[PDB]
Structure formats: C-alpha cells, structure tokens
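What follows is a short report on a single structure.
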Amino acid sequence: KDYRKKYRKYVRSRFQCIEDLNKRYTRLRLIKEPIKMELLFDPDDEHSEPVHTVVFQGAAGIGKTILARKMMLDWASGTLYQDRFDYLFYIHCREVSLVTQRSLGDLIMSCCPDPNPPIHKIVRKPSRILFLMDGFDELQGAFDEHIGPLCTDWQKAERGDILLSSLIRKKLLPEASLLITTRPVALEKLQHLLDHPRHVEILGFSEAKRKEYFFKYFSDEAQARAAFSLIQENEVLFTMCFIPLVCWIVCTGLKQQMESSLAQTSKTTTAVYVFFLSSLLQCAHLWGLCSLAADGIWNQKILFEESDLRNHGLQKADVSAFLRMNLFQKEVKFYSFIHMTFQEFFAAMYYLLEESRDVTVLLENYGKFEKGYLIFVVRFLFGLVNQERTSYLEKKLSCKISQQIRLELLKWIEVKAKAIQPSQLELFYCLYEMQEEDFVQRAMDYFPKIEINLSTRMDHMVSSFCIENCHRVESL
Ligand SMILES: CC(C)(O)c1ncc([S@](N)(=O)=NC(=O)Nc2c3c(cc4c2CCC4)CCC3)s1
Ligand SMILES: Nc1ncnc2c1ncn2[C@@H]1O[C@H](COP(=O)(O)OP(=O)(O)O)[C@@H](O)[C@H]1O
C-alpha cells in the first residue's frame, strides 16, 4: 500500500521520456489475431477467466519499446489497469543476462528504486503483477527451447534462460500476467513456450498518424507541411513511414536540409539510412564504429561500457559527439546505438570497408536467434554492395570486397531459392535493397515458383518490384 505508492512515484519519474516528454507519442495501430489497451487482459468468452499472457509482435522500429514505456507511464499515473495491477515490472530484455544466475526475486528487486524492497510483500499477490518483457528478440545469446529443469520457486537462483523460460511458461508465479513484445522473426522461438497467449500485432502508424507525427516533430507548421508533402510525393518514403523509426529518421534528415530546398529521392531502406548518416557528416571513426557494431553483433553485446568503446578507438569527445548526433544512446554507464538497425547497418559496413570479415561464416549464422537473426546485416549488405549507388560514406568502401560479396550473395540466394530461415518475401526485401536489375533478374530466375504472403503495402511494393524483374529468358 505505502510501498505501491513509492514504487508508482518512481515509475512515473523514470518513464517520463522516450529517451530514458511523452507528448511526441503518436497513437500506434494495434490489432488482435482496434484493440483497447485497458481491455487487453479481459476474457472474450473464457467463462470469466482472464488472459495471463499477451504477445505484441511488431517489426523492428515499429514502436514496441515506446508502447511498453507508455504502458508503464499510464499505469503509474492511474490511467491504465488501475484496479487490475498493483505492480508493473519492466524487464528490459537487452539488459538481462541469459547465463548469470538470479532468482525472480532478484529480477523484481532490480526494477525497484531502493536497495531493500519488500519483495515478500510484493509477491504475496502474484495475480496483481504484470511483467512487461520488452524486446524478447533482444535477449543476448542463445535462448534454447530444450532448457531445464523448469523452476517453480521465485526465491531460487537460476540461469537467466531457465528463469525467463520458467516465467514465460507460467511455472514461476503461474497467475501473474505477462506482456511480451517481440519482432515477428523471434515468434517462432517464443510460440513453443507460450501458454494460451492473446496475440496482438503492432501495425505502426496509419496514414493519418504519419501526418500527425510530422506535424508533432516540426514545431513550425510550414516546415511540417513541406516535409509531409515530400513524403506524399515519394511512394517509397510514404509507404515506409508506417514504421515510426523511419518517420524519425526521415524527419531528422529533412531538418538538416531545412537548416541548409527539400528533396529526398531514397528508394531503399539502405538509401534512407545512408541519407540519414550523410546528414551527420561535417566519419573519422568509421572503422571503429563498424568494428564495434560487428563485435557487438557476433559476440552479443548491445550495451557497451566506456571500456568497450575505448577498445575500438572512441575517445571522450568522440562518444559525446556521437551522443549529440543521435548515433549513440545513453542507457541506465552503458551506451548503445540509437537503434539496433543502426548497429546492424554498421556491422554490414564492416564487411565492405577498405583500409572486413568472412561473409560465408556470417551467412551460415543467418536466421539464428543466438546472433540476433542478422536480418538487417544481410539486407544492408545487398543495399551497400549495389555499385549503381554511391555517396561520400560509400566511397570509403572497397569495390574489390563488394564485388566478391556480390557474388557470394547471389550464390546464397540460389541455395535458399532452390531448396524456412529466410522466407521468399524476406529474399524479396533483400533483392529490393539490391535494386540493380542484372543481379535482381539473375536472382529471380532461381525461384521455381512465387510463393508469398503479403500483409502490408510495403510487402506489395517490394514483391511487386521483384516480380516485375522476373521475366523468363525465352518470354515474348
Ligand atoms: C519480412 C519479414 C516478415 O521477414 C519481416 N517482418 C518484419 C521484420 S523485422 N526485421 O523484425 N522488422 C523489419 O523488417 N523492419 C523494417 C525496418 C525498416 C524498413 C522496413 C521494415 C519492414 C518493412 C520495411 C527500417 C527500420 C526497420 S522481418
Ligand atoms: N508511438 C510513437 N510515437 C512517436 N515516436 C515513436 C513511436 N513509436 C516509436 N517511435 C520512434 O521510433 C523509435 C524506435 O521505436 P522503438 O519502440 O524503440 O522500436 P522497436 O522497439 O519496435 O524496435 C523511437 O526511438 C522513436 O523515435
């Protein structure tokens, strides 16, 4: 009662910003598989028995973290689940070690402000607890389905993977509620652990909310209308801006153009990322940024210490400049890239830099949870390897290595196409990034039949481009 008040006050302060003012928050579209947040845990016709597990699947950059942080803030302010949950515990998955031994009590205490929380009091009513697991796909290391034995004691220290598996399977605090957010790529791994989950999909920004975002980002109404009109004129940007991270990336780059006229002709997500990074260029620490990202991807480190950045040649003034440029993020003496997609962009760039590791071993670990799935590393490799595209940033890349990698990617597509890791639609996202018709046409010939499941206008745009470049050699 008195501790619940002290805890709620702490949650209200630490969840006030997107960075850690939640007035820049724009409503995200959620669908059940127009769901009202307050009714998420209500049974439909489950004879009055509530739903204890809710899974929010959402693409990278769709706003899973922002939605989870808004949920924490709304609840702490008495706006959400006021009469349903005494406690909401935010489990930031990227900070949870899968090997360190810890109890569920230690985990709950790590979410508390003070060193001595009344853990026995908190756990007295498990059904009044909602565990908000943000970013299942961001748990560093392997998350094996065979792990065990399962734990049924909230006080027992277990390896992080056994602890989280026991919690997800509802072995530990069986009637506590659980809200897990994940990229659709990890849904395969997660579904095996889930007990009667309610599945919800985060679709991102509607066309109306895309405009709303641009108008909220730009203080000047004239600048907001000019930036939104640019997006309306460009099919690719208009279509990609359903992803709130893309809205932020585009708005940020257009802001610098406004300082110095508005024109963005980006046709791929690689073009969008290069356009953004080019706006920060006044670059010296490119080999250091790329090696840091590649080391963090291959060795599973999303949070870096001051010691980690020092190992890659990033001094005090450099880490402060990257923080100001919105390339680095300050997290709880820990640093990370502003988004995991940027860490994967610099990891892809590491393989092409001229002064570079083996792309064959990288492709062997593609689609593995242990490595983060390497979706954007591979997509950005297809994009950056495109010779028909250049910039000052891309001039630092080697044409010799890019030509070798281009041949390896074509041989990789051939095997995937000729023979469940990269779907056919995922190969289309890769080919769409490549853009270059000779490669695209050669790769499209490897497919014996087109078998795709389209869900979004982005899926249609990408697959339609690939199918238009899939014409039989003999045809006409
Ligand atoms: C295709 C399928 C089912 O295999 C996947 N669906 C979602 C994913 S993922 N990697 O989890 N998210 C994403 O692709 N996001 C993105 C991102 C950008 C652009 C686009 C998308 C998706 C559309 C264009 C830039 C920043 C993140 S993979
Ligand atoms: N609803 C939203 N309103 C405003 N900005 C948002 C929203 N959702 C996401 N963003 C923007 O997108 C970025 C990435 O969102 P995030 O939730 O971290 O993505 P994900 O968790 O899906 O990987 C945020 O840093 C912010 O700039």
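What follows draws every value from the coordinates through simple rules; no lab data is involved. Positions of Cβ are generated from backbone atoms using ideal geometry, with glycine treated the same way; all protein chains shown enter the neighbour counts.
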DSSP bridge pairs, the chain: antiparallel proportion in percent, nearest 5: 40 percent
Additional length obtainable on full extension of the chain from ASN299 to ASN311, 0.36 nm per residue less Cα span: 2.9 nm
Total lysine pairs whose alpha carbons fall under 29 Å of each other in the range 363-476 (8 or more apart, or interchain): 19
Under unit Cβ charges (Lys, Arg +1; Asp, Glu -1), what dipole magnitude, rounded to 20 debye, does the chain have relative to its Cα centre? 1560 debye
Extreme residue, positive dipole direction of the range 1-154, given options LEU30, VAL11, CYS111 (C-beta unit charges): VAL11
Which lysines, on any chain, are close to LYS125 with Cα under 26 Å apart, when same-chain ones fewer than 8 places away are left out? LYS1, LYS5, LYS6, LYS9, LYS36, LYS70, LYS156, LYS170, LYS171
Taking the Cα centre of the chain as the origin and placing charges on Cβ (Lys, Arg +1; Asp, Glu -1), which of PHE304, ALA417, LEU88 is farthest toward the positive end of the dipole? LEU88
Which of the trypsin sites (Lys or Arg not before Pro) across the range 54-146 are loop residues per DSSP, with 14 or fewer other Cβ within 10 Å? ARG124
I'd like to know which of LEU21, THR53, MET434 lies farthest towards the positive end of the charge dipole of the chain, counting +1 on Cβ of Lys and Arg and -1 on Cβ of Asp and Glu. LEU21
At 222 nm, what value in deg cm²/dmol follows for the chain if DSSP H runs of at least 4 each add -39500 (n - 2.57) and the sum is divided by all its residues, to the nearest 500? -13500 deg cm²/dmol
Rounded to one decimal in nm, the spacing of the 7 Å Cα→Cβ label points at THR360 and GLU145 is 3.0 nm
How many nm is it between the label spots at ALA417 and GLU331, if each spot is 7 Å from the Cα in line with the beta carbon? 3.7 nm
Do any GluC sites (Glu not before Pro) in the range 134-184 lie in a DSSP loop with no more than 15 other beta carbon atoms within 10 Å, and if so, which? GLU145, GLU175
Cα-based Rg of the range 260-343 normalised by 2.2 N^0.38 Å, two decimals: 1.15
For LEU286 and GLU175, what does the FRET efficiency come to when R0 = 60 Å and r is the distance between their Cβ atoms, rounded to the nearest 0.05? 0.70
In nm, spacing of pseudo-spin labels at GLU188 and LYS23 (7 Å Cα→C-beta vector): 4.5 nm
Under Stokes-Einstein, with the Kirkwood radius over Cα pairs standing in for Rh, what whole-number D in µm²/s applies to the range 335-476 at 37 °C and 0.692 mPa s? 207 µm²/s
Computed D for the chain, Stokes-Einstein, Kirkwood radius over alpha-carbon pairs, 10 °C, 1.306 mPa s, to the nearest µm² per second, is 66 µm²/s
Added length on full extension, which subtracts the Cα-Cα distance from 0.36 nm per residue, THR152 to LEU203: 14.8 nm
Using the Kirkwood formula on alpha carbons, the hydrodynamic radius of the range 327-399 in angstrom works out to 13.4 Å
